[PDB]
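Have a look at the structure below, then the notes.
What follows draws every value from the coordinates through simple rules; no lab data is involved. In this analysis, Cβ positions are derived from the backbone assuming ideal geometry, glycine residues included, and neighbour counts consider all displayed protein chains.
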Amino acid sequence: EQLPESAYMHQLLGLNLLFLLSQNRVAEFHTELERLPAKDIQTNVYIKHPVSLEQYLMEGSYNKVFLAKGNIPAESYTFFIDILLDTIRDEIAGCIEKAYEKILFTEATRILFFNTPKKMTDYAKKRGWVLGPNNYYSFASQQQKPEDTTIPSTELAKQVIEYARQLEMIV
Amino acid sequence: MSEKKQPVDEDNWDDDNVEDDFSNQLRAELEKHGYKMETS
Amino acid sequence: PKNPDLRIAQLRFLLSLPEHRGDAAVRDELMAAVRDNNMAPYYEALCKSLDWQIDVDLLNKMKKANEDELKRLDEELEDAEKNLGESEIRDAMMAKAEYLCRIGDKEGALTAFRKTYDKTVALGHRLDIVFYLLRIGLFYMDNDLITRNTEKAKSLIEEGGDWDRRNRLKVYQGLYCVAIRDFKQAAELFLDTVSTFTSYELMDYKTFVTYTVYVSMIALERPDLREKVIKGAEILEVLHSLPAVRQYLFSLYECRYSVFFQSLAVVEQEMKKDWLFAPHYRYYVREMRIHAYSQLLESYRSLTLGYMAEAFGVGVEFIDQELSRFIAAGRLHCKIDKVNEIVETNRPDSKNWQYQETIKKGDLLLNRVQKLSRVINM
Amino acid sequence: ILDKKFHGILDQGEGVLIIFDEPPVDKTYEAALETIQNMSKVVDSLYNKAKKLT
Amino acid sequence: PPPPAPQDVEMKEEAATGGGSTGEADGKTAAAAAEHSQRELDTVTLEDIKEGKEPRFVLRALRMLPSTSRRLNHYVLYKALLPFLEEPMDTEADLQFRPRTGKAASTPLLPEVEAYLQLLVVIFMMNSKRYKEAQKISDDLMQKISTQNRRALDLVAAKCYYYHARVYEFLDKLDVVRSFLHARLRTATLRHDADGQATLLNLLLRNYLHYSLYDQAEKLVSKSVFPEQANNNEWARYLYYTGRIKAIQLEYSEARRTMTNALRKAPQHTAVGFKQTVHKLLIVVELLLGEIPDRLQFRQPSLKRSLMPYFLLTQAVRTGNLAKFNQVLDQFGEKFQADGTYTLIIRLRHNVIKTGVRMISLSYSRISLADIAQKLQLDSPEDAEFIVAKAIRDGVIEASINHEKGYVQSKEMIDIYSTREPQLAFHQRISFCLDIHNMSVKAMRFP
Amino acid sequence: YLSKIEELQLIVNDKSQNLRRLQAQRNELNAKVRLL
């Protein structure tokens, strides 16, 4: 009970929480929040700053990643804020991109900066075109193009067969 | 009935839906509405 | 015995909300306090009104007149027992003690009614006492007195086909429901428009006609609406003297949209200073708006709000956010739209919700049968 | 179409103004009217059910 | 003159209930108990309600040959504690009527919970339950004679483990009782399933969301479902605790249905605020959905003194005022930190934006972007394209941005008419209906 | 001490007996229905 003030605790929990969100563990984010409700009220500023970041990611951040990266300049968080810049997402690349939308620069998404070096050219051609089969996003599918059939009328007909079986089991 | 945690713990009231809809929305209900037609 | 006293209740409401006149409470309230032996109507208004300049002495003479009436009552209680007749004590004090109820709100009531209810040779002897509770139950909006006397009227006053003071019961229940949150009870129980002809709640019979139209424009479907307030010729006169009422009616059947807001403004400004309408004056607005918008959505599937704009006069962004709030209420489904701007309506509730309602019963209904089949084996 | 009807929905861009409905569907209506009173019975029986035990 | 009446009817308590339970439990197996033996719950909560008293019914317990007629009548006649709770073992070891051991180790001992002196007898109740837990342990090492502890005293046992809980809580926490519980589980896992683990698991979550947080994942591997749910009350509050979990696991769309289920399976009464106070933090998950109706359909005015924050809070939800947000936060954030509320303060803004986008989305087929940036208190068109993508976030109704300058080319989605999606689900609807036909089959099987 | 308490567990078995007896009663019902 007599654990004294260890100032490493704030930023080691900060790096824990930082990589913990960087690997997309929001259940683990809030289990971290709930294992310490006391000091995370007004003190523990390097946990209180990731929960302002949780307000920013509650907002579903692509703008607020840069708007919150503005205020973490030097704490040796670098290895894990790089993984945060990795875990910034690619849904607009999964909707409208893949060799042309002239530039998606004005939304503060970290990857979607850097107008055309081979960094974002590599990213616009990264491992294909994240959708997959039958289409590009040069002309979008607008989701994925599933639109299969009503072949499942036949397997709901199978459901009817074992439904009549379960009727027979019931009488 | 102590359920082991919980012991520790139409007048004007159906209108509350309309009123909480109308808290900061058309707070007068007519005194702009009767005067809308001469705004334009 | 109750017409200026219900007008005192009108004055209670009339100087309840506004302060545009701070001297009605001397003008027609002192004119009320000099009649009817109105003592309590100033004795309770002595605090909520002004300082009451020196209002004891001109009221000392009238409480002395009340003292004269009360002392001849106190002599009369043993002067009537010397009169060798049946219950003449009860008669001779029930008369002036119902008059004490006319004087004082609760005291003459309590000291009278529990004696003059002791024999009931007629249901009028019950029901006049019930009326003398109903007057104070309109004055002070009680619930216990003026629903339990109606319970007593719904105990034994079913008998006797006298029909006047049995329809009074229907009218009082209509007034009591429309005094709170009524949709249908005042329409169903103010069906008896014509057949009342005289009361104290009928202090203006035409305002009773205003009451029955101000509820029968809500609780009444359009075939029933034309059948009642159009194919009612016996009600047509007393709606015929009221222009804007009849205007709103025949326009609302005529679907005359640009005068609806005019006539609604008339009815709403009437709703301001009329009592038992404080739980109603904001609800009634959107109620009749969505009620007109019902057949306005039944009108088309191909509809723009510019057509609505020149149907109403100004509604462009007003009705945009307004119908947006009506959709947010859940009712009135239509797709109001940006620049394409086509207000598209739907089809009625058959499709799968008619299928769905049955198991929407049998979710909690069948939870009832589940758990109450789990009642047997613990 | 507003006040009265012959159930002609506004069919602006077809050229028939098709007048159609199926009024006998009332098996579903009648079953709904059943359910409403079937569980009025059940709820009236629940008094016996939760009364005669304890 | 009143206390000679429980000398009659408090006597007939043990006569009718206990005597019938033990005598009819001596034979007619599994009708041995559970037709008035587990009247125990309310008849013995009532024993702690219906009615010096402390030493009288605890002296001279184990006598001989079955003369409890005379002995309980002595307990009647004597109305005119340091070894005393141990005197049912100090007269002699109980040595007969093994269905009576836990019964008389529960029903006389437990009224000190309702006497509330909490200072000298809670440790004596601890010792009395060391005796009763010696029965609990020694039923399988020294009592190889017949069942008598499953069919009657297991249902008695879980009840007096709630009384274990009532004793253990009023001073401290319990840790040894948890491995002790899982041993009780191992001697109830394969042989005869009792709730038991779910009792101290309700207590586990109840003290752990106060004080330990690893254990929901241990529930995940520990989720033996137990579909018996016989009381449905323990199971109801079990759903309440795990719905608080999924609220703190931020699972909402599951939470609304399972917590509405947990409410509608409460047949409860007594409007002190039991159902009400449990239901408030229940529909906190609906405050976290982004959608909540007006709470006029939920309030009992006995809860009003506690919901003096809550109504203004749901006003803040339906509105979007940051003044009301922070003001309800600082002013009206009391009394809910005892339950834990501050995960809605981070995402009340999300509640605002989802309420707004629900209204506008079902309102508008097509909206424009730089005017839905000014419907609510938005910031910018880049924030509005941002919040359109975050408004999808899961698979919401079709909103394609008109990707030149036409802001959004959203339209409404269709084909819910009556075609294949309802008859895709009606197989499962009537799968539920055939499950109720299985309930009819077991209704026939109850005799 | 495995071979003590399995005998007790053999009363789950005895639940089939009550159902057996009662459906025998159910057959006994129809026996005089068919005799009628």
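Where q = 0.16, 0.27 Å⁻¹, what log10 of I(q)/I(0) comes from the Debye formula for chain B, counting one point per Cα?
Each listed q maps to, in turn, -0.62, -0.87.
Please order E:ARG71, E:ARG130, E:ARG98 by the number of other Cβ within 10 Å, starting at the fewest.
Listed from fewest to most nearby Cβ atoms, that is E:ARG130, E:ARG71, E:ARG98.
Consider all pairwise Cα distances in region E:250-345 and report the whole-number % of them above 17 Å. Spell out each step's value before the answer.
Details: 2355 of 4560 pairs.
That tail contains 52 percent of the Cα-Cα pairs.
Scattering from the C-alpha atoms of region C:167-281 alone, worked out with Debye: what is log10 I(q)/I(0) at q = 0.13, 0.14, 0.15 1/Å?
-0.47, -0.55, -0.63
List, largest first, the extents of the alpha carbons of region C:42-138 along their principal axes, each in whole Å.
50, 30, 14
Starting at 0 and stepping by 10 Å, how many percent of the alpha carbon pairs of the protein assembly as shown end up in each bin?
1, 7, 12, 15, 16, 16, 15, 11, 5, 1, 0, 0, 0
Please report Rg over Rh for region E:317-447, where both radii come from the alpha carbon positions and Rh follows the Kirkwood definition.
Numbers: Rg = 22.4 Å, Rh = 18.8 Å.
Expressed as Rg/Rh, it is 1.19.
So if the hydrodynamic radius of region C:273-357 is defined as the Kirkwood radius over C-alpha pairs, what does Stokes-Einstein give as its diffusion coefficient at 10 °C and 1.306 mPa s, in µm² per second? Write down the numbers at each step before the final one.
Numbers: Rh = 14.5 Å.
Using the Kirkwood radius from Cα pairs, D works out to 110 µm²/s.
A:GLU1 to A:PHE105: extension gain in nm, 0.36 nm per residue of separation minus the Cα-Cα distance?
Numbers: separation 104, 0.36 × 104 = 37.44 nm, distance 5.17 nm.
That works out to 32.3 nm of additional length.
For region E:205-314, what does the convex hull of the Cα positions come to per residue, in cubic angstrom?
On the way: hull volume 13.1 nm³, N = 110.
So the per-residue hull volume is 119 Å³.
What span do the alpha-carbon atoms of region C:91-140 cover on each of the three principal axes, reported in whole Å from largest to smallest?
29, 18, 13
In deg cm²/dmol and to the nearest 500, what is the mean residue ellipticity at 222 nm of chain D if only DSSP H runs of at least 4 residues count, each as -39500 (n - 2.57), divided by the residue total? Don't jump to the answer; show the numbers that get you there.
Values: 1 runs with 23 residues, N = 54.
Computed mean residue ellipticity for chain D: -15000 deg cm²/dmol.
Which number comes out as Rg/Rh for region E:27-147 once both Rg and the Kirkwood Rh are worked out on C-alpha atoms? Intermediate results must be reported in sequence, preceding the final value.
Details: Rg = 15.0 Å, Rh = 15.7 Å.
Rg divided by Rh gives 0.95.
When only DSSP loop residues count, what GluC sites (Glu not before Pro) in region E:346-447 have their Cβ near at most 16 other Cβ atoms within 10 Å?
Passing sites in region E:346-447 are E:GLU398, E:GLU404, E:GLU412.
For chain A, what does the convex hull of the Cα positions come to per residue, in cubic angstrom?
It comes to 207 Å³ per residue, whole-number rounded.
For region E:100-143, take the convex hull of the Cα atoms, compute a quarter of its surface area, and give me that in nm², please. List each step's numbers first, then the result.
On the way: hull surface 12.1 nm².
Mean orientational projected area (region E:100-143, Cα hull): 3.0 nm².
Please turn the phi angles of region E:343-354 into ³J(HN,Hα) values with the Karplus equation 6.51 cos²θ - 1.76 cosθ + 1.60 (θ = phi - 60°), one per residue in order, whole Hz, x for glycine and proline.
For region E:343-354, the Karplus curve yields 8, 8, 6, 7, 10, 4, 5, 5, 4, 4, 6, 7 Hz.
Summarise the long-distance tail of P(r) for region C:150-235 by giving the % of C-alpha pairs beyond 16 Å. Mind showing how you got there, number by number?
Details: 1943 of 3655 pairs.
Roughly 53 percent, rounded to a whole number.
Can you give the log10 of the normalised intensity I(q)/I(0) at q = 0.06, 0.11, 0.14 Å⁻¹, computed with Debye over equal Cα scatterers of chain E?
For chain E, the Cα-only Debye profile gives -0.40, -1.02, -1.38.
Can you give the calculated 222 nm mean residue ellipticity of chain C, where each DSSP H run of n ≥ 4 adds -39,500 (n - 2.57) and the sum is split over every residue, rounded to the nearest 500 deg cm²/dmol? Don't skip to the end; give the middle numbers.
Numbers: 20 runs with 235 residues, N = 378.
Helices in chain C give a 222 nm mean residue ellipticity of -19000 deg cm²/dmol.
Taking chain C as a Gaussian network, Cα atoms linked when under 10 Å apart, which of C:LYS96, C:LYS115, C:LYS360 shows the biggest mean-square fluctuation?
Maximum fluctuation in the GNM of chain C, among the listed residues, is at C:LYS360.
Over the residues of region E:68-217, compute the C-alpha Rg and express it relative to 2.2 N^0.38 Å. Before the final figure, lay out each step's value.
Working: Rg = 16.8 Å, N = 150, 2.2 N^0.38 = 14.8 Å.
Cα Rg divided by the expected 2.2 N^0.38 Å: 1.13.
Relative to the compact globular guide of 2.2 N^0.38 Å, what is the alpha carbon radius of gyration of chain C, as a ratio?
Working: Rg = 27.1 Å, N = 378, 2.2 N^0.38 = 21.0 Å.
Dividing the Cα radius of gyration by 2.2 N^0.38 Å gives 1.29.
What Kirkwood hydrodynamic radius do you get for region C:102-261 when you take the inverse of the mean 1/r over all pairs of distinct Cα atoms, in Å? Don't skip to the end; give the middle numbers.
Numbers: mean 1/r = 0.0575 Å⁻¹.
Evaluated on region C:102-261, it is 17.4 Å.
Show that you can apply the helix-only estimate: for chain A, add -39,500 (n - 2.57) for every DSSP H stretch of four or more residues, divide by all residues, and state [θ] at 222 nm to the nearest 500. Provide the component values of the computation, followed by the final result.
On the way: 7 runs with 81 residues, N = 171.
When only DSSP H runs of four or more count, the value is -14500 deg cm²/dmol.
Enter the angle in degrees (range 0 to 90, nearest 10) between the Cα long axis of helix D:27-49 and the first principal axis of the Cα atoms of chain D, meaning the one along which they spread out most.
Rounded to the nearest ten degrees, it is 20.
Quick check on region A:23-120: what does the Kirkwood estimate of hydrodynamic radius come out to from the alpha carbon pairs, in Å?
On the way: mean 1/r = 0.0656 Å⁻¹.
Mean inverse Cα-Cα distance, inverted, gives 15.3 Å.
Just to be sure I follow: if Rg is taken over the C-alpha atoms of region C:93-185 and Rh is the Kirkwood radius over the same atoms, what is Rg/Rh? Working shown, then result.
On the way: Rg = 13.3 Å, Rh = 13.7 Å.
Result for region C:93-185 is an Rg/Rh of 0.97.
Sorted from largest down, give the three principal axis spans of the alpha carbons of chain D, whole angstrom values.
Sorted largest first, the three principal extents are 70, 21, 17 Å.
If I build a Gaussian network model for chain C, linking alpha-carbon pairs within less than 10 angstrom, which residue out of C:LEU303, C:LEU264, C:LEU100 has the largest mean-square fluctuation?
Comparing C:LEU303, C:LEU264, C:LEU100 in the GNM, the peak value goes to C:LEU303.
For chain C, modelled as a Gaussian network with Cα springs under 10 Å, which listed residue fluctuates most, C:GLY108, C:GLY306, C:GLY362?
Its mean-square fluctuation being the largest, the pick is C:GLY362.
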